[PDB]
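One structure below.
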Amino acid sequence: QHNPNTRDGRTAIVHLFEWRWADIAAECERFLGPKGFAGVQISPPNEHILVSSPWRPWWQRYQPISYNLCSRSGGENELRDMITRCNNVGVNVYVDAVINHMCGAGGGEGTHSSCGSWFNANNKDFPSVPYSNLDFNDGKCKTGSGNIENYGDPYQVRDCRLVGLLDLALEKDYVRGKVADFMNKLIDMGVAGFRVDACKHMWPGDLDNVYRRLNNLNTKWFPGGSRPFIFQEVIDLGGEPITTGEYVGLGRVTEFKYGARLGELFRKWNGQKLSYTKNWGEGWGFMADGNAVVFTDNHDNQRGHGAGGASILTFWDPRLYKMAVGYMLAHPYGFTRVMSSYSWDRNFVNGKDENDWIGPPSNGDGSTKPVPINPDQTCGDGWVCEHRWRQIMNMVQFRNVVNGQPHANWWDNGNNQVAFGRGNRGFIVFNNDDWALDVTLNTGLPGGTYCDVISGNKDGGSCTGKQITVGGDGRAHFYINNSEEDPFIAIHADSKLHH
Ligand SMILES: [Ca+2]
Ligand SMILES: [Cl-]
Numbered sequence: 001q002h003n004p005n006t007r008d009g010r011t012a013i014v015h016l017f018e019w020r021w022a023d024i025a026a027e028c029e030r031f032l033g034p035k036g037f038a039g040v041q042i043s044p045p046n047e048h049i050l051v052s053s054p055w056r057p058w059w060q061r062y063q064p065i066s067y068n069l070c071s072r073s074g075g076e077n078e079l080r081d082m083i084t085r086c087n088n089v090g091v092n093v094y095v096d097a098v099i100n101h102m103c104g105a106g107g108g109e110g111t112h113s114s115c116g117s118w119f120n121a122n123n124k125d126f127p128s129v130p131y132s133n134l135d136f137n138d139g140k141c142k143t144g145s146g147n148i149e150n151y152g153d154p155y156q157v158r159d160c161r162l163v164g165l166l167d168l169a170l171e172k173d174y175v176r177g178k179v180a181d182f183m184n185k186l187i188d189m190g191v192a193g194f195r196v197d198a199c200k201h202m203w204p205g206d207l208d209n210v211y212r213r214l215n216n217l218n219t220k221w222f223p224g225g226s227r228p229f230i231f232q233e234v235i236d237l238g239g240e241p242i243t244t245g246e247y248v249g250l251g252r253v254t255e256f257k258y259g260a261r262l263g264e265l266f267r268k269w270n271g272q273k274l275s276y277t278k279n280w281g282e283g284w285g286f287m288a289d290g291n292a293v294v295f296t297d298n299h300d301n302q303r304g305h306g307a308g309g310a311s312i313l314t315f316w317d318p319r320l321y322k323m324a325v326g327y328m329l330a331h332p333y334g335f336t337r338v339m340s341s342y343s344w345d346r347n348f349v350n351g352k353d354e355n356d357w358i359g360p361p362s363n364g365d366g367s368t369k370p371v372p373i374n375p376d377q378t379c380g381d382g383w384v385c386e387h388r389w390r391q392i393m394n395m396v397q398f399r400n401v402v403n404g405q406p407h408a409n410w411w412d413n414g415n416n417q418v419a420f421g422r423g424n425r426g427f428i429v430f431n432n433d434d435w436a437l438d439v440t441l442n443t444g445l446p447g448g449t450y451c452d453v454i455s456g457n458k459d460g461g462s463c464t465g466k467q468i469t470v471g472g473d474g475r476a477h478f479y480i481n482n483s484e485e486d487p488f489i490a491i492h493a494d495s496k497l498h499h
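What follows is the structure, given as structure tokens:
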């Protein structure tokens, strides 16, 4: 279950946070397949509440109502059509699985649900599953409020309510059964794996019992004996009584130290310097490489009040962001996931974004808009589409090209200019200092003229952007002025030219 099940040598996945199924499938066919992406993570596809105050926030999709497959992104039929079209062009589908809980205790009752089901969160009644009062952890929690009040306490964190969300009693064979039927339903459709939401809050005991109930993947696209990929949301930045160690044997875990630490590096906070990152990865106390899923930001912390808070980097800070994501994609550590966000009117009041609840671009009526493609291959309507940025999609290719090659040929100027290679397949160079980068380096690469994929690509027998001359000895001179709008350069075997 640590195996991502990627095909065709592809190596990375995007979180198309909040996209409609119909949009994802189109994007699969037109872009993801062609451009070498290994797969998509999609927002929770189950039925969920519709919050009205505030108006239809992104976070409503993390308050399930039933396991019926109709959500903000689409219906069961759209869903199946997407998996299929994405699969047919080799892009896997990973599902965000919300199973720690149902909706909030004060969810009230009525038919305000993504399917228009009826339900009564006051009596803990969810007829569509069905679930009922006895399927919840109330008796097990001993907090005054019945919410998690202290994270120093490992029992609270599993058995109490996460900020008020009704905590499923996952020791119960009935509940374990229900959840698995859900995940199996998805797997049967051709889903490749899961991002299990909220894992810090469930017992590894209960998790294993579920994971063991899951079928092998659909042999329509996946070899026999393939298992669902599992990666788990656990936040651990040190000092936590709860560590990723407890989950790491059940499947992969999110390494939140990765983005947090990487952010303060390119920001240069607390006298952290890029040069320090030669032993980046396990060296830095990150978990074991084969257990890790790594990313710069996710939907939570890109709103500045999650793991890493202020130090996390987002499309809001393009220049640093591109370098950070490029670094991540070049480095061998972890299994990498690129963010794909939408924007919204940020409103900071005492350093908190009072608008961080805002959902995706959408028609009033709270249904989400499609994703329009601009002719120069970017996205309209408030969809950001970082995954479509030249400096990103090209590093996604870079990672495919160099896949497997060792970290090699490290260099640094003692400060915030560094470079490294991956085998003899690729070399990357960063300049995050306040003066120019100016050196000859052993790239470890075959001699020739390579195209800098950051500033463009190889097209025909020429470079659309910068280009770089590697001597037969593999030495190459780099000049990156700190003025440069993208102060880093990358080249690789597939960006080389004929003799
Ligand atoms: Ca729980
Ligand atoms: Cl995550």
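Heads up: the sequence shown runs through residues 1 to 499, numbered per PDB author numbering.
No residue lacks a Cβ here, since even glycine has one placed at the ideal position from N, Cα and C.
{"Query": "Note down, in chain order, each residue of its chain lying with its Cβ closer than 6 Å to the Cβ of residue 502, except the 5 sequence neighbours on either side.", "Result": "The question about residue 502 has no answer, for the chain in this structure spans 1 to 499."}
{"Query": "Does the beta-carbon of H15 have 16 or more other beta-carbons within 10 angstroms, so that it is buried, or is it exposed?", "Result": "buried"}
{"Query": "State buried or exposed for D188, treating a residue as buried only when at least 16 other CB atoms are found within 10 Å of its CB.", "Result": "exposed"}
{"Query": "In angstroms, rounded to a whole number, what distance separates the CA positions of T6 and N350?", "Result": "44 Å"}
{"Query": "With three or more C-beta pairs closer than 8 Å as the rule, is the stretch 77-88 touching the stretch 142-158?", "Result": "no"}
{"Query": "Look up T84 in the DSSP assignment and say whether it is helix, strand or coil.", "Result": "helix"}
{"Query": "Okay, do the stretch 67-76 and the stretch 107-126 touch, 3+ Cβ pairs below 8 Å being the bar?", "Result": "yes"}
{"Query": "Buried or exposed, going by whether 16 or more other CB atoms sit within 10 Å of the CB of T368?", "Result": "buried"}
{"Query": "In chain order, what residues of the same chain lie with their CB nearer than 7 Å to the CB of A310, ignoring the 5 residues before and after it?", "Result": "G304"}
{"Query": "Candidates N46, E264, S275: which alpha carbon is nearest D297's?", "Result": "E264"}
{"Query": "For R425 and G144, I'd like the C-alpha separation in whole angstroms.", "Result": "58 Å"}
{"Query": "Quick one: what's got a C-beta closer than 8 Å to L250's C-beta in the same chain, skipping five residues either side?", "Result": "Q1, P204, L207, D208, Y211, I230, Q232"}
{"Query": "Could you tell me the boundaries of the alpha helix (DSSP H) in which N68 lies?", "Result": "Looking at the DSSP string, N68 is not in any alpha helix (DSSP H), and its letter there is neither H nor E."}
{"Query": "Measuring CA to CA, which of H201, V196, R422 is closest to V163?", "Result": "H201"}
{"Query": "Please look up how many angstroms separate the CB atoms of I49 and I65, rounded, as I've assumed it's under 8 Å.", "Result": "6 Å"}
{"Query": "Jot down the residue ranges of each uninterrupted alpha helix (DSSP H) in the stretch 183-232, minimum 4 residues, whole runs only, in chain order.", "Result": "204-211"}
{"Query": "Should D167 be counted as a contact of ligand 1 given a C-beta to heavy atom distance under 7 Å?", "Result": "yes"}
{"Query": "Can you tell me whether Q63 is buried or exposed, with buried defined as 16 or more other CB within 10 angstroms of its CB?", "Result": "buried"}
{"Query": "Three-state secondary structure (DSSP) at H387?", "Result": "helix"}
{"Query": "Considering only the alpha carbon of each residue, which of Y94, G104, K124, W221 lies closest to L186?", "Result": "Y94"}
{"Query": "To the nearest angstrom, report how far apart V396 and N88 are at their CA atoms.", "Result": "20 Å"}
{"Query": "Flag this pair as yes or no: are the beta carbons of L168 and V175 separated by less than 8 Å?", "Result": "yes"}
{"Query": "Apart from the five residues on each side of it in sequence, which residues of its chain come closer than 7 Å, Cβ to Cβ, to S343?", "Result": "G382, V384"}
{"Query": "Measure from the alpha carbon of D317 to the alpha carbon of each residue in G461, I454, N123, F266, then state which is nearest.", "Result": "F266"}
{"Query": "Comparing the CB of residue 536 with every heavy atom of ligand 1, is any distance shorter than 7 Å?", "Result": "The structure shown does not extend to residue 536, since the chain spans only 1 to 499, so no value can be given for it."}
{"Query": "Assess, as a yes-or-no matter, whether the stretch 433-443 is touched by the stretch 475-486 under the definition of 3 or more beta carbon pairs within less than 8 Å.", "Result": "yes"}
{"Query": "Distance check for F126 and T111, CA to CA, integer angstroms please.", "Result": "11 Å"}
{"Query": "Write down every uninterrupted run of the beta strand (DSSP E) in the stretch 235-297 whose length is 3 residues or greater and which is fully enclosed by it, in chain order.", "Result": "252-254, 292-294"}
{"Query": "If I measure Cβ to Cβ from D452 and keep anything under 8 Å in the same chain, skipping five residues before and after, which residues do I get?", "Result": "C463, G465, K466, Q467, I468, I489, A490, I491, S495"}
{"Query": "What three-state label does DSSP hand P318 in the structure shown?", "Result": "helix"}
{"Query": "Taking 8 Å as the threshold (C-beta atoms), are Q405 and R388 in contact?", "Result": "no"}
{"Query": "May I ask which residues mark the beginning and end of the beta strand (DSSP E) holding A97?", "Result": "92-97"}
{"Query": "Does the distance from the C-beta atom of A307 to that of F256 stay below 8 Å?", "Result": "yes"}
{"Query": "Do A198 and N100 have their CB atoms nearer than 8 Å?", "Result": "yes"}
{"Query": "Counting beta carbon pairs with one atom in the stretch 410-421 and one in the stretch 270-278, are three or more of them shorter than 8 Å?", "Result": "yes"}
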